[PDB]
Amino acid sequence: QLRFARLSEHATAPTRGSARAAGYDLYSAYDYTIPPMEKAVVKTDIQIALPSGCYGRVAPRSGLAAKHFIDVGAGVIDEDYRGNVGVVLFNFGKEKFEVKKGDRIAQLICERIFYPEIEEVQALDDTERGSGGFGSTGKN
């Protein structure tokens, strides 16, 4: 029930790395050289139709993160998006990062969400947390 179409011969069908993996691994359709502390938008050359009740989160893989300081920016693929799915890769490492066509460089998660109507009110109910934020619960 996750539907995709290839936009070029360079796309690879996403794959799940394990039986209960949260993500479908996304493959680069092209080579990219990302200098240290730089970014690139990596084309997958796929369009997707997400199942009703979710959006597609482009999320980072752990190996690339831990090994090479690679992160994923942006990442919110909308249910109504019909364009090329682009992975916004951040290279926070000291080294340049090579992406080759067919490298799995991010993963796609079908994050379940509500599409709530927004409503303005004058006052919200109170809660126990209240305005507590930004470390209000402490360090340890």
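The numbering used is simple: start at 1 and walk along the sequence shown.
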task = Averaging the C-alpha B factors as listed in the entry, name the stretch that ends up higher: 7 to 15 or 117 to 125.
result = 117 to 125
ask   = Which third, lowest, middle or highest, does the CA B-factor of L108 fall in along this chain?
value = middle
inquiry  = How does the C-alpha B factor of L26 compare with the rest of the chain: lowest, middle or highest third?
reply    = lowest
query = Going by the entry, which third of its chain does the Cα temperature factor of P51 land in?
reply = highest
inquiry  = Considering every modelled residue of the chain and its Cα B-factor in the PDB entry, is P36 in the lowest, middle or highest third?
reply    = highest
remark   = So, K96's CA B-factor, relative to its chain, sits in which third? The highest
